[PDB]
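K.L.:
This is the structure I want to talk about, given as structure tokens.
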Number of protein chains: 2
Amino acid sequence: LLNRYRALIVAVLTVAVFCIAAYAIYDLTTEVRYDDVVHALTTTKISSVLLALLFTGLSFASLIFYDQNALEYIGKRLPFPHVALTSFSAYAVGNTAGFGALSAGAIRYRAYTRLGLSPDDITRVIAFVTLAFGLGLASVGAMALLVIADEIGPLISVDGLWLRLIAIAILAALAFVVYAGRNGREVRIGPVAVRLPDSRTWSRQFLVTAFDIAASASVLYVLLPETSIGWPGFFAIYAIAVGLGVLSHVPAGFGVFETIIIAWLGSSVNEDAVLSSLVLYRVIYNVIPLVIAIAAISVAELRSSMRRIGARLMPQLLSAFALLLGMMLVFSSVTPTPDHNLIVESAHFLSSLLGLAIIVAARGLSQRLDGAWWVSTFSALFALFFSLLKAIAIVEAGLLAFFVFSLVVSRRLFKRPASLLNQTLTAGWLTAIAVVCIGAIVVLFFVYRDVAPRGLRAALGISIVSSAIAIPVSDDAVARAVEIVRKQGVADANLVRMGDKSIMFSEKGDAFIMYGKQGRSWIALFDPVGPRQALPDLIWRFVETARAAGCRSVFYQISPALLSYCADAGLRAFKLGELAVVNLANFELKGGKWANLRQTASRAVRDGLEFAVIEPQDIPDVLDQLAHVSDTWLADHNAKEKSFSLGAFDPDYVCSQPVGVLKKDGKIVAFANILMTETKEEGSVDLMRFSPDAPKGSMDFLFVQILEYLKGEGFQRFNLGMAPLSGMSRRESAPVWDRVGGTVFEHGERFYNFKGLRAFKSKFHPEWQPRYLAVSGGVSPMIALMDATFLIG
Amino acid sequence: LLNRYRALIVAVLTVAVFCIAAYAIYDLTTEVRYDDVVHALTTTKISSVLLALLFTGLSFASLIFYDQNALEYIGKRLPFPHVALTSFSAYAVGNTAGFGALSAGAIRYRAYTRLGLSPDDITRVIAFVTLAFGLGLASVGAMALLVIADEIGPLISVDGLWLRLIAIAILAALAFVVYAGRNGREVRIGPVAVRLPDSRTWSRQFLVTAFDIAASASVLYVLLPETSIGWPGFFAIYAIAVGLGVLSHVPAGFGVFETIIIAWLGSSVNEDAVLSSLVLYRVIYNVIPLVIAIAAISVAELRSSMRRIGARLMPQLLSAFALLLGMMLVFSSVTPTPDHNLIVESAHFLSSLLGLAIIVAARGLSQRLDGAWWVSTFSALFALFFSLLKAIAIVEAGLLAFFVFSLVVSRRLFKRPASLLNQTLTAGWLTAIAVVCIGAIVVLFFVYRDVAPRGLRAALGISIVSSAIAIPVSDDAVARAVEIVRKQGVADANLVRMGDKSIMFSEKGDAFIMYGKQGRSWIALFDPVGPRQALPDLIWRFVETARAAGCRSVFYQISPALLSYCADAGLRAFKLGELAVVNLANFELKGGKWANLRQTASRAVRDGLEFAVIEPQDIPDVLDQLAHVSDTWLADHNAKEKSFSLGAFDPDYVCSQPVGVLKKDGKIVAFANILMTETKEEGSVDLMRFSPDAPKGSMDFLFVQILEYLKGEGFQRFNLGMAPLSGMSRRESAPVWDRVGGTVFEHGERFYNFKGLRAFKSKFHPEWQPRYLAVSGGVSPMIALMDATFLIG
Ligand SMILES: CCCCCCCCCCCCCCCC(=O)OC[C@H](COP(=O)(O)OC[C@@H](O)COC(=O)[C@@H](N)CCCCN)OC(=O)CCCCCCCCCCCCCCC
Ligand SMILES: CCCCCCCCCCCCCCCC(=O)OC[C@H](COP(=O)(O)OC[C@@H](O)COC(=O)[C@@H](N)CCCCN)OC(=O)CCCCCCCCCCCCCCC
Ligand SMILES: CCCCCCCCCCCCCCCCCC(=O)O[C@@H](COC(=O)CCCCCCCCCCCCCCC)COP(=O)(O)OC[C@H](O)CO
Ligand SMILES: CCCCCCCCCCCCCCCCCC(=O)O[C@@H](COC(=O)CCCCCCCCCCCCCCC)COP(=O)(O)OC[C@H](O)CO
């Protein structure tokens with residue numbers, strides 16, 4: 001149920017469920033000694049750990065076929081070594097993090113926009129993949145719970161009829177969903193409206209997801225020493241444990257997975273064995289895949305060669321690996337050894353400080369900063385020679401030295417400067433910090449219960465991290481922005497002079513992005529305007545400025561050519577609508593398929609309707625007639641005015657650009673703003689105007705003459721309007737859409753008919769051009785679209 | 001591995017495996033009392049039997065989706081209530097019988113040729129279905145054997161490594177088969193050459209076959225009272241028990257299924273419970289589906305309405321139901337009750353006699369006789385009022401009275417007369433009789449072991465059944481057959497006068513079929529010749545005459561219009577090749593796409609090559625030149641002559657039909673036989689003749705003039721040659737073909753180039769016409785095609 005959590009109480013409720021889960025871990029693990037857990041790790045039958053490596057390998061092979069199946073569903077057949085990597089390194093993170101910037105979403109985006117998909121199709125790949133895992137895990141858990149409510153029924157002393165009956169309830173619900181969605185037929189089960197694929201496709205997907213959950217239950221089943229349950233009893237436990245640990249949005253499914261397995265198997269087998277198998281499960285299944293995903297980038301970077309997809313995936317992988325590294329550092333700083341460096345109960349507080357600093361550096365590394373690289377490299381080095389002095393500890397030292405190795409290797413990857421601390425907060429990284437802190441508190445209360453200042457110090461360090469986490473332009477800038485609009489390309493940005501939109505610049509001075517702030521996030525207007533080389537340097541700087549004041553950097557109507565370095569900044573693009581573009585050198589007045597426009601023009605030829613080519617100083621002759629016709633087209637919509645879209649009643653902006661008129665053979669009845677550039681390379685309009693002198697036979701010639709004059713000056717093409725998205729592309733959607741995409745199309749049919757319908761643009765036979773809205777920080781474009789909307793109105 | 005058993009040692013080896021299995025049943029059931037088994041049937045918790053009915057219902061719902069999936073694979077989308085019936089009544093028989101006339105094969109044929117498929121596609125439906133069940137049962141048993149070699153490992157005291165290792169062996173073999181057959185690529189694993197379908201199709205098929213085997217293991221698992229194993233342990237037992245009971249070709253998988261489950265679960269649970277669950281399994285899963293399949297025909301016959309498919313399926317269903325009825329009669333005659341009608345150890349021998357008589361009547365009813373109806377109806381009535389007098393016995397009396405009800409209902413279904421006993425033997429019905437006899441011997445040795453004349457009497461009755469199972473035409477007939485060729489239609493049958501082919505007739509006198517005998521089977525030549533109404537009456541009479549001398553009634557080159565009542569007789573059609581037909585009223589000498597023939601004719605115009613229109617009495621001028629040119633075209637192939645195909649060196653047959661010649665401008669160098677009828681409705685040729693005066697430029701005009709003269713007399717069309725089957729239709733094949741179809745195509749490219757290649761026929765631009773060979777008795781067309789072949793040569 002992605003893009004439905006619209007809150008910060010989701011961030012609070014996630015760590016609430018983790019607090020309840022960790023309290024239940026400490027409840028269910030009373031009479032176990034930490035020394036006994038260390039004993040059971042040190043004696044664990046190395047054939048069993050090798051077999052756990054084998055089953056993790058089979059699990060990630062099935063995850064590769066999840067995604068290859070997804071790409072065969074939407075027709076986009078991509079080559080296989082560029083899909084094995086982008087879904088062996090999408091589940092190496094998705095099994096670890098579930099945040100905005102670190103999830104399956106913001107890695108499929110960053111690894112497929114570089115690879116060659118369309119952002120209207122990565123939201124099909126992601127959505128089919130997440131329906132695949134969720135619905136397949138529900139079917140698999142409810143079928144393997146159906147066959148055995150007796151091998152696991154009495155283990156929690158719940159009778160076999162009830163545990164089987166809830167599995168029959170889940171299977172009846174999912175059979176109802178499939179039988180509703182037999183042939184198309186989007187079935188609205190609530191907010192989310194599933195539209196299941198072919199029966200030949202969800203069955204292949206069900207095999208792939210059942211082999212995934214089988215070879216990921218068997219990783220833990222080989223590590224549990226000689227249970228009183230078989231394989232499938234443990235498989236029905238595992239498909240409830242994962243089925244709740246991913247249901248509660250916790251990072252990696254940490255606490256809920258742990259507490260379900262401890263609550264289920266402590267009655268069966270010895271609790272030290274289950275803790276020693278769960279810790280050695282989290283290592284083998286959630287850290288070894290990160291290490292292999294890192295090394296298969298770094299080795300190919302040193303030395304067939306997939307350096308582009310490695311360059312787009314390495315910050316995400318390192319930022320998801322540093323978070324588990326920080327969990328390991330804090331959990332191994334709190335658990336004691338006798339010989340400790342009292343460097344001058346407060347001497348291992350340096351190590352916990354380094355661990356929390358490196359997960360803050362992980363939040364930096366996903367944002368791909370430079371201070372993140374310095375802090376993470378040096379903090380890992382300090383942890384290296386302040387943890388190697390104690391013992392050998394090949395897991396700790398080797399894993400952390402691998403982090404240092406990779407992070408020295410990827411220095412040339414990124415040099416982007418910003419302030420590591422001055423970004424305020426996301427909904428997810430607070431959950432990361434708080435899960436590390438609360439898990440550390442539970443490790444401390446767990447360990448020193450059999451045999452403080454360090455506890456109070458770790459809590460005070462976490463509170464200091466929380467406090468540090470808590471821690472229109474001048475007419476010269478507007479005129480210089482107008483000069484940048486002149487001396488460069490796209491003429492869409494002639495909405496620059498109307499004010500109300502803050503304008504930042506670049507260091508080169510010839511590039512700008514135009515703001516606008518509505519809620520907890522400020523948006524943009526068209527696209528960064530300027531030469532090509534100043535745009536990617538500025539597309540990061542915008543988002544850095546947006547996070548610098550604790551806001552999200554939504555975009556609006558961006559180009560498909562922008563995507564290749566738009567998605568690198570952490571921008572989930574979304575399909576919005578297509579912008580009608582008519583090339584002018586490939587145009588004829590009737591041709592074979594333009595004569596409807598010729599007859600509509602000749603409808604106004606007999607009226608003799610005319611035009612104006614007037615100047616930026618030709619205001620004082622027209623202005624009160626402009627006021628009265630403004631009253632008319634405000635009476636057309638019955639008095640509701642919009643910003644961010646058109647030019648309002650403006651004494652300067654209306655007379656700013658050269659405009660053009662519909663006449664009463666000399667008397668102004670309707671006008672039109674025309675928007676050019678100095679470079680003569682592209683021109684546009686924005687507004688059409690109604691009169692009580694123009695019926696449906698003359699909704700065109702006021703604009704047809706403008707098209708002919710823009711042909712007459714010698715422009716290359718012409719950006720007329722922007723249309724909402726058609727019914728055939730409302731057909732091509734994804735399974736787990738919700739009210740989000742419906743209100744994308746409602747925003748389409750709500751704000752894009754103030755100039756004309758899609759068929760009205762189609763009357764001019766245009767070649768369409770898609771425009772997107774990019775959203776920062778992995779948040780819902782329900783929120784982003786409404787932040788655009790309430791800034792329109 | 002169908003169409004590879006080519007023997008009677010398969011029939012011997014099947015009952016050998018059943019003898020070993022029944023001896024192992026009697027071995028493993030020493031200390032069990034028959035009274036205790038009756039106790040455990042009478043106390044069996046009626047909720048458990050209702051739940052077994054539910055799981056049988058789910059199993060046959062999945063069997064319906066086996067076949068609906070199969071019909072969606074080959075594109076032929078058929079309506080669903082005509083597929084639910086023809087695969088709820090194809091597995092109601094296939095789970096009971098595995099013979100020639102009673103299997104999935106000879107019910108898919110009889111229920112799809114009526115329904116609307118092509119016999120080149122029912123051999124795709126059948127073959128995809130049998131690969132589906134076999135390969136899916138192997139994958140399912142090897143996967144559910146993989147997860148648990150510990151819940152069922154020590155039950156037979158075999159260590160868990162070996163039972164898991166053979167499952168890894170099976171899964172590695174099947175993964176090798178799939179990875180070989182990724183994209184097309186027919187992988188020859190031996191005699192059988194699997195070519196697996198789409199990954200989107202065998203996965204859906206794997207779900208359907210795993211839900212089948214799950215809901216058929218659970219029918220028996222609900223009947224076993226409180227095992228020491230879970231569900232999936234019993235599922236891994238069941239997928240070995242079925243996986244060997246269908247591997248050994250035994251009817252219903254009787255003895256092998258029984259002995260595997262007794263051998264596996266007698267060590268776990270009490271043996272009386274396993275016998276009481278296996279008998280009540282065979283009832284619920286193999287007799288209740290026959291009863292429902294019968295009643296859903298008979299009720300719809302009395303009263304939406306599918307009377308055609310019921311009329312084609314009811315004899316197969318009744319003949320597979322009477323066999324289990326006979327097993328029940330013999331097994332309930334041997335098992336004793338105290339009060340018995342001593343009508344005057346030999347008074348219940350009447351009941352065993354009635355049971356063996358009714359399974360002989362079942363062999364009659366599949367062949368759809370009339371004495372079969374009389375013997376089966378009256379023998380069931382005698383069993384009714386000589387078994388109802390003993391006790392109530394609602395299962396026995398109700399089941400048998402249902403048989404009497406259905407068989408009175410289907411009197412109007414069939415009235416076909418033949419001798420019920422005088423058919424000699426099939427490979428399968430001897431296995432039916434012998435499995436009933438040996439199972440009866442084991443029931444007798446089982447029951448009277450705790451506490452004979454009846455045993456010796458049952459053995460003598462079976463030996464009497466075995467002994468009773470052990471129990472060119474005149475020139476008037478040839479000339480009358482030539483008169484039937486004259487006064488009626490197809491001119492293919494002008495091979496009638498050459499002798500060597502026995503000619504039977506009909507009772508109406510104006511219809512005939514022409515024999516030819518090679519091995520243990522005699523074949524036919526073209527098609528029954530005559531009016532339409534005398535053909536279906538004769539198409540049964542041919543097969544009755546063939547079984548009357550203990551032989552199989554193969555056909556050769558039959559029409560697609562014959563299939564609708566050809567498949568009713570029990571004739572598995574097979575695609576053979578297409579017969580080139582050129583309509584003459586829709587023909588032009590060059591048109592747009594015939595001018596190659598015009599230029600090839602003008603190649604011989606400058607030679608001035610000519611023809612003959614000579615008579616049946618114009619022999620004595622040409623005959624020695626015919627002898628020398630016969631020496632030439634015997635020197636063409638280098639001296640190897642064929643029967644059954646053309647006219648040989650014949651003093652009567654060569655001069656019989658009007659022939660036509662290639663000349664040395666008057667001197668005979670090459671001839672051609674031309675074949676007409678009196679009705680002027682269709683004409684043909686058979687033989688083209690080589691000369692040492694005709695190169696590749698004149699392989700045509702000798703025949704082109706014949707085509708023009710057959711146009712000139714005024715015929716409708718022209719049966720020139722018969723071509724082998726093309727490469728695109730050697731592409732459209734089925735998965736479990738073997739050397740059979742390969743030698744069908746080898747027979748094609750081996751015997752059909754003595755007149756010309758497929759492109760040689762394509763030079764004349766023909767409209768193709770498929771011709772089939774029908775095979776009786778469910779036997780392989782390897783055998784039938786070679787019986788045609790060694791009668792050609
Ligand atoms: C207590 C009562 C509550 C019940 C109410 C149920 C309502 C359900 C409504 C649906 C809301 C879903 C919201 C989640 C959205 C989200 O968060 O995003 C999408 C997610 C990520 O998918 P992602 O791509 O990120 O992959 C993640 C993989 O890595 C996981 O990782 C790990 O946890 C690893 N440790 C293990 C790896 C495993 C193999 N790789 O997918 C989803 O749809 C999640 C839906 C899951 C639904 C499960 C339903 C419950 C199952 C129980 C079965 C029946 C038995 C009942 C007995 C009680
Ligand atoms: C002891 C060592 C020997 C091993 C050697 C293996 C070689 C295999 C070579 C393959 C030859 C196949 C020859 C059969 C051909 C034939 O006869 O015809 C095709 C059949 C019918 O198909 P049909 O359409 O007729 O349906 C039938 C349904 O009704 C059955 O009925 C019943 O029995 C009911 N009582 C139950 C209904 C169940 C649900 N409905 O299908 C086939 O391919 C048969 C192939 C089966 C292959 C199984 C392999 C072994 C499985 C074991 C798994 C691994 C574990 C190993 C541990 C030891
Ligand atoms: C009700 C089920 C619902 C549907 C789910 C069905 C899914 C089945 C698919 C399972 C595939 C993976 C199988 C993993 C099973 C592990 C079995 C196992 O326990 O391993 C034992 C031994 O394993 C081996 O010897 C090697 C097994 C290798 C399995 C390789 C699988 C290949 C076949 C997979 C099928 C798919 C083929 C394509 C693969 C890409 C070790 O156990 P143990 O004796 O150590 O246990 C005692 C105690 O627990 C302490 O350990
Ligand atoms: C390792 C596995 C390999 C792959 C196989 C996986 C296939 C799983 C699919 C199974 C579907 C059918 C499930 C049948 C399980 C039967 C469970 C059972 O035992 O029934 C119990 C109770 O059953 C019920 O209460 C009702 C169960 C109804 C199940 C209906 C299945 C619907 C869901 C099927 C999934 C598909 C959905 C579409 C269906 C067309 C009765 O047991 P008991 O307590 O009597 O046992 C004690 C002793 O044995 C004596 O009996």
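Here, A, B, ... name the chains of the structure tokens in the order displayed, residue numbers run from 1 inside each chain, and ligands are numbered from 1 in the same displayed order.
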Kindly provide, as a ChimeraX atom specification, the residues of chain B having any atom no farther than 6 Å from an atom of chain A, counting only C-alpha atoms.
P.N.:
/B:147,200-201,203-204,231
K.L.:
Restricted to N, CA, C and O atoms, what would the selected residues look like written as a tab-separated table (two decimals), in the first residue's frame?
P.N.:
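Saved as part.tsv:
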```tsv
chain	number	residue	atom	x	y	z
B	147	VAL	N	11.85	-31.21	0.46
B	147	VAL	CA	11.73	-30.47	1.70
B	147	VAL	C	11.64	-31.42	2.89
B	147	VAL	O	12.06	-31.06	4.00
B	200	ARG	N	5.49	-19.05	-19.62
B	200	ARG	CA	4.23	-18.55	-19.11
B	200	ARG	C	3.14	-19.59	-19.15
B	200	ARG	O	2.07	-19.36	-18.58
B	201	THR	N	3.36	-20.73	-19.80
B	201	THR	CA	2.35	-21.76	-19.97
B	201	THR	C	2.62	-23.00	-19.15
B	201	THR	O	1.70	-23.51	-18.51
B	203	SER	N	4.18	-22.85	-16.44
B	203	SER	CA	4.04	-22.47	-15.04
B	203	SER	C	2.59	-22.48	-14.60
B	203	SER	O	2.28	-22.95	-13.50
B	204	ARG	N	1.68	-21.95	-15.43
B	204	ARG	CA	0.25	-22.08	-15.17
B	204	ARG	C	-0.16	-23.53	-15.11
B	204	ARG	O	-0.95	-23.94	-14.24
B	231	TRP	N	0.36	-33.18	6.74
B	231	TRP	CA	-0.07	-33.20	5.34
B	231	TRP	C	1.10	-33.45	4.39
B	231	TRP	O	1.02	-34.41	3.61
```
K.L.:
Produce as a PyMOL selection string the set of residues near ligand 1, where near means within 8 Å with only C-alpha atoms and all ligand atoms considered.
P.N.:
chain A and resi 1-2+59-60+63+91-96+98+103-105+126+129-135+137-142+145+163+166-167+170+209+212-213+215-217+236+239-249+252-254+257+282+285-286
K.L.:
For ligand 4, which of B:219, B:585, B:609, B:12 is the closest residue, counting only C-alpha atoms and all ligand atoms?
P.N.:
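Under the stated criterion, the closest residue is B:219.
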K.L.:
What residues in stretch 51-122 of chain B get the DSSP label helix (DSSP H, G or I)? Please answer as a ChimeraX atom specification.
P.N.:
/B:51-73,81-88,91-94,105-112,122
K.L.:
Quick one: everything within 10 Å of residue A:336, counting only C-alpha atoms, minus sequence neighbours fewer than 2 positions away in the same chain. Send it as a list in words.
P.N.:
residues 34, 331, 332, 333, 334, 338, 339, 340, 348, 444, 447 and 448 of chain A
K.L.:
Considering only C-alpha atoms and all ligand atoms, state which residue in the set B:666, B:127, B:174, B:47 is at the smallest distance from ligand 3.
P.N.:
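The answer is B:174, which sits nearest to ligand 3.
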K.L.:
Please provide the set of residues having any atom within 12 Å of residue B:526, restricted to only C-alpha atoms, with same-chain residues fewer than 2 positions apart removed, written as a VMD selection string.
P.N.:
chain B and resid 490 to 496 501 512 to 516 523 to 524 528 to 529 554 to 559 562 579 644 to 645 771 to 774
K.L.:
How would the residues just chosen look if you wrote them out with N, CA, C and O atoms as a CSV table (one decimal), in the first residue's frame?
P.N.:
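Just written: part.csv:
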```csv
chain,number,residue,atom,x,y,z
B,490,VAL,N,-16.1,-40.1,-55.7
B,490,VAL,CA,-14.7,-39.9,-55.7
B,490,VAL,C,-14.0,-40.9,-56.6
B,490,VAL,O,-14.2,-42.1,-56.5
B,491,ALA,N,-13.1,-40.4,-57.5
B,491,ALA,CA,-12.4,-41.1,-58.5
B,491,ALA,C,-11.0,-41.6,-58.0
B,491,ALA,O,-10.3,-42.2,-58.8
B,492,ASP,N,-10.8,-41.5,-56.7
B,492,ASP,CA,-9.5,-42.0,-56.1
B,492,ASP,C,-9.6,-43.6,-56.2
B,492,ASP,O,-8.6,-44.2,-56.5
B,493,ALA,N,-10.8,-44.1,-56.0
B,493,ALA,CA,-11.0,-45.5,-55.9
B,493,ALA,C,-10.9,-46.2,-57.3
B,493,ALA,O,-11.5,-47.4,-57.4
B,494,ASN,N,-10.3,-45.7,-58.3
B,494,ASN,CA,-10.1,-46.4,-59.5
B,494,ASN,C,-8.8,-47.3,-59.5
B,494,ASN,O,-8.4,-47.8,-60.5
B,495,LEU,N,-8.3,-47.5,-58.3
B,495,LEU,CA,-7.3,-48.5,-58.1
B,495,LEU,C,-8.0,-49.8,-57.7
B,495,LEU,O,-7.3,-50.8,-57.2
B,496,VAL,N,-9.3,-49.9,-58.0
B,496,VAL,CA,-10.1,-51.1,-57.6
B,496,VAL,C,-9.8,-52.3,-58.5
B,496,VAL,O,-9.8,-53.4,-58.0
B,501,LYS,N,-6.6,-56.7,-53.3
B,501,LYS,CA,-7.3,-55.9,-52.3
B,501,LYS,C,-8.7,-56.5,-52.1
B,501,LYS,O,-9.5,-56.3,-53.0
B,512,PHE,N,-18.7,-50.0,-50.6
B,512,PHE,CA,-17.6,-51.0,-50.4
B,512,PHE,C,-16.4,-50.3,-49.7
B,512,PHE,O,-16.2,-49.1,-49.8
B,513,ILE,N,-15.6,-51.1,-49.0
B,513,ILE,CA,-14.3,-50.8,-48.5
B,513,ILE,C,-13.4,-51.8,-48.9
B,513,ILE,O,-13.7,-53.0,-48.8
B,514,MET,N,-12.2,-51.4,-49.3
B,514,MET,CA,-11.2,-52.3,-49.9
B,514,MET,C,-10.1,-52.7,-49.0
B,514,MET,O,-9.4,-51.8,-48.5
B,515,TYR,N,-9.9,-53.9,-48.7
B,515,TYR,CA,-9.0,-54.4,-47.6
B,515,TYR,C,-7.5,-54.3,-48.0
B,515,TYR,O,-7.2,-53.7,-49.0
B,516,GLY,N,-6.7,-54.9,-47.2
B,516,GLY,CA,-5.4,-55.3,-47.6
B,516,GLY,C,-4.7,-55.8,-46.3
B,516,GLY,O,-4.8,-55.0,-45.3
B,523,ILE,N,-5.6,-53.3,-43.4
B,523,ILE,CA,-5.8,-51.9,-43.6
B,523,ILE,C,-6.8,-51.7,-44.7
B,523,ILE,O,-7.3,-52.6,-45.3
B,524,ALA,N,-7.0,-50.4,-45.1
B,524,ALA,CA,-7.9,-50.0,-46.1
B,524,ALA,C,-7.2,-49.1,-47.1
B,524,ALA,O,-6.0,-48.8,-46.8
B,528,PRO,N,-14.5,-45.4,-47.7
B,528,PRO,CA,-15.7,-46.0,-48.2
B,528,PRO,C,-16.3,-45.2,-49.3
B,528,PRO,O,-16.5,-44.0,-49.3
B,529,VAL,N,-16.7,-45.9,-50.4
B,529,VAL,CA,-17.1,-45.3,-51.6
B,529,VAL,C,-18.6,-45.6,-51.8
B,529,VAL,O,-19.1,-46.7,-51.8
B,554,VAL,N,-6.7,-50.5,-39.6
B,554,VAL,CA,-6.0,-49.3,-40.0
B,554,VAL,C,-6.7,-48.8,-41.2
B,554,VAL,O,-7.3,-49.5,-42.1
B,555,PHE,N,-6.7,-47.5,-41.4
B,555,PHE,CA,-7.1,-46.9,-42.7
B,555,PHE,C,-6.0,-46.2,-43.3
B,555,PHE,O,-4.8,-46.3,-42.8
B,556,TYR,N,-6.2,-45.5,-44.4
B,556,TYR,CA,-5.2,-44.9,-45.2
B,556,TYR,C,-5.8,-43.8,-46.1
B,556,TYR,O,-6.8,-44.2,-46.8
B,557,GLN,N,-5.4,-42.6,-46.1
B,557,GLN,CA,-5.9,-41.5,-46.9
B,557,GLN,C,-7.4,-41.3,-46.9
B,557,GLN,O,-8.1,-41.4,-47.8
B,558,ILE,N,-7.9,-41.0,-45.7
B,558,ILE,CA,-9.3,-40.8,-45.5
B,558,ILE,C,-9.6,-39.3,-45.5
B,558,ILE,O,-8.7,-38.5,-45.2
B,559,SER,N,-10.8,-38.9,-45.8
B,559,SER,CA,-11.2,-37.5,-45.9
B,559,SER,C,-11.5,-36.9,-44.6
B,559,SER,O,-11.8,-37.5,-43.6
B,562,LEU,N,-14.9,-37.5,-43.3
B,562,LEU,CA,-15.2,-38.8,-42.7
B,562,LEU,C,-15.1,-38.8,-41.2
B,562,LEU,O,-15.7,-39.7,-40.6
B,579,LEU,N,-3.4,-33.7,-50.0
B,579,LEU,CA,-3.7,-34.2,-51.4
B,579,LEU,C,-4.0,-33.0,-52.3
B,579,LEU,O,-5.0,-32.3,-52.0
B,644,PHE,N,0.2,-51.2,-53.7
B,644,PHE,CA,-0.8,-50.4,-52.9
B,644,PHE,C,-0.7,-48.9,-53.2
B,644,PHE,O,-1.6,-48.1,-52.8
B,645,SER,N,0.2,-48.5,-54.1
B,645,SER,CA,0.4,-47.1,-54.5
B,645,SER,C,0.0,-46.8,-56.0
B,645,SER,O,-0.8,-45.9,-56.2
B,771,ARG,N,-5.3,-35.4,-45.8
B,771,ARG,CA,-5.8,-36.8,-45.8
B,771,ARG,C,-5.1,-37.5,-44.5
B,771,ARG,O,-4.0,-37.2,-44.2
B,772,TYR,N,-5.9,-38.3,-43.9
B,772,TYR,CA,-5.5,-38.9,-42.6
B,772,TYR,C,-5.4,-40.4,-42.8
B,772,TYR,O,-5.9,-41.0,-43.7
B,773,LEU,N,-4.8,-41.1,-41.8
B,773,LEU,CA,-4.9,-42.5,-41.6
B,773,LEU,C,-5.5,-42.8,-40.2
B,773,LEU,O,-5.0,-42.2,-39.2
B,774,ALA,N,-6.6,-43.5,-40.2
B,774,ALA,CA,-7.2,-43.9,-38.9
B,774,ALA,C,-6.7,-45.2,-38.4
B,774,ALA,O,-6.4,-46.1,-39.2
```
